[PDB]
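Q: Got a structure for you, questions after.
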Amino acid sequence: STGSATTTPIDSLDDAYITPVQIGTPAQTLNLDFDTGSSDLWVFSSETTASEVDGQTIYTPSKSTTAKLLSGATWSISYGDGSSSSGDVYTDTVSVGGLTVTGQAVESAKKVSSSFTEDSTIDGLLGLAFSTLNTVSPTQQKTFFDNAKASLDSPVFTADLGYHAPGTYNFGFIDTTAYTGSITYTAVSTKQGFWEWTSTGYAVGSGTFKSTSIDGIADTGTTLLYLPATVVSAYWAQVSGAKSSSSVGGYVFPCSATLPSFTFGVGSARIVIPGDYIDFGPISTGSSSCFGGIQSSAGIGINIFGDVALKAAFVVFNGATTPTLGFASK
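So in the entry's author numbering, spot 307 of the sequence shown is number 307, and the numbers just go up one at a time.
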């Protein structure tokens, strides 16, 4: 089997992407944030504290003839940005782009943190990291991909995120029309539960390539590109007037600037992030200070190849017995 679904930016900055997901019988369609950096599929629901729902579409298990309470199971998750959610668990039928999993754990939120409430466009998350990170207790549950894998034509999914435009998540096949040149594959460590890999280096603008190993995670649920302070300083040094602002919480730059591109290495291959992808707009409405899309990972504890990086590529998440990651230009 295969599936194919369009993923759409939630706003004009590409802060996140939502993908429609059918849950239950009859189908309830919710728009979920596909997140290769976590491993829980959770949704706003009829069980979510009423004051914490503000415009989201909710899953109502009592209206699904295939929903079953997973007795005794609870979940609770905290994300890198400080947000969190928790609740109980149902199993139900879940379909993405025509690909159906029966008996998928659907984690129903009883509580969500303010950032989730305040974002009316995201109805929940669909985790695509390794199932070892799943938070369901006392019996850990499998991701949608893990459950689908054996049925797929090939045990892969692909992320093709758009810049200020829709893109695609495919399951079970590689669309050879969706990228240019060849896909370069690189090793993955699953030791931390992430799609963790090592970039071979970087360049800033038309500058020379610096060969250096950068361990990090391919994370569709993180907006920006977080890299070591040395790398980030070298990038922003090429933008007149750019500076790191402790009050804003990262590098900012004059909105009048033209940003240089940033290249990262995948083996001997190179992925080029155009400068415009690194512009996240005014820090506050009407400001002429703009927020940068490349930020320091110092104090995160890990480098993160988030959407800024991934949207410059066609990315293969290869879930074979030994997983690997592939990147192509597009």
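Every residue gets a Cβ at the ideal spot worked out from N, C-alpha and C, and that includes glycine.
How would you label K68, buried or exposed, when you count the other beta carbons within 10 angstroms and need 16 or more for buried?
A: exposed
Q: Taking 9 Å as the threshold (C-beta atoms), are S85 and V53 in contact?
A: no
Q: Taking only the alpha-carbon atoms, compute the straight-line gap between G3 and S287 and give it to the nearest angstrom.
A: 42 Å
Q: Any chance you could list the alpha helix (DSSP H) runs of at least 4 consecutive residues sitting entirely within the stretch 287-324, in chain order?
A: 307-310
Q: Kindly indicate which three-state DSSP category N134 falls into: helix, strand or coil?
A: coil
Q: Between the Cα of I10 and the Cα atoms of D146, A165, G299 and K110, which residue gives the shortest distance?
A: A165
Q: Output needed for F130: all residues of its chain with C-beta closer than 6 Å, excluding positions within five of it in sequence on either side, in chain order.
A: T190 and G193
Q: Only counting runs of 3 or more residues, tell me where the beta strand (DSSP E) segments fall wholly within the stretch 98-143, in order along the chain.
A: List check, beta strand (DSSP E) in window: 99-112 and 124-127.
Q: Measure the C-alpha to C-alpha separation of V21 and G265 and round it to an integer number of angstroms.
A: 33 Å
Q: Beta-carbon separation of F34 and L128 under 9 Å?
A: yes
Q: Could you check where the beta strand (DSSP E) with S199 kicks off and where it finishes?
A: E196 to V204
Q: Quick one: any contact between the stretch 252-264 and the stretch 197-212, if contact means 3 or more CB pairs under 8 Å?
A: yes
Q: According to the Cβ coordinates, are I18 and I183 closer than 9 Å?
A: no
Q: Give me the residue from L152, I271 and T222 with the minimum Cα distance to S38.
A: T222
Q: Classify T200: buried if its beta carbon has 16 or more other beta carbons within 10 angstroms, exposed otherwise.
A: buried
Q: Does the stretch 44-59 come within contact of the stretch 224-234, defined as at least 3 CB pairs closer than 8 Å?
A: no
Q: Apart from the five residues just before and just after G326, which ones in its own chain have a Cβ nearer than 6 Å to its Cβ?
A: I183, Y185 and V316
Q: Does the stretch 291-307 come within contact of the stretch 139-147, defined as at least 3 CB pairs closer than 8 Å?
A: Cβ pair count under 8 Å is below three, so no.
Q: Sort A105, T220 and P254 by Cα distance to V89 and report the nearest one.
A: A105
Q: Within 10 angstroms of its Cβ, does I304 collect 16 or more other Cβ (buried), or is it exposed?
A: buried
Q: Hey, could you find the ends of the alpha helix (DSSP H) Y235 is sitting in?
A: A229 to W236
Q: Quick one: is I300 buried, meaning 16 or more other Cβ sit within 10 Å of its Cβ, or exposed?
A: exposed
Q: Out of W42, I58 and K110, which has the shortest C-alpha to C-alpha gap to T29?
A: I58
Q: Just to confirm my understanding: we take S120, look at its own chain, exclude 5 residues before and 5 after, and list those with CB closer than 7 Å. What are they?
A: Excluding sequence neighbours, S120 sits near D54, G55 and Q56.
Q: Alpha carbon to alpha carbon, what distance is there between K311 and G162?
A: In a straight line, the C-alpha of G162 is about 6 Å away from that of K311.
Q: If you reduce the DSSP assignment to three classes, tell me which class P61 lands in.
A: helix
Q: Can you name, in chain order, every residue of its own chain whose Cβ lies under 7 Å from the Cβ of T139, other than the five neighbours on each side?
A: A73
Q: Closest to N318 by C-alpha separation, out of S83, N170 and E118, would be which residue?
A: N170
Q: Using the Cα positions of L13 and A218, report the straight-line distance between them to the nearest angstrom.
A: Those two C-alpha atoms are separated by around 20 Å.
Q: Helix, strand or coil for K68? Go by DSSP, reduced to three states.
A: Taken through DSSP and simplified to helix, strand or coil, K68 comes out as strand.
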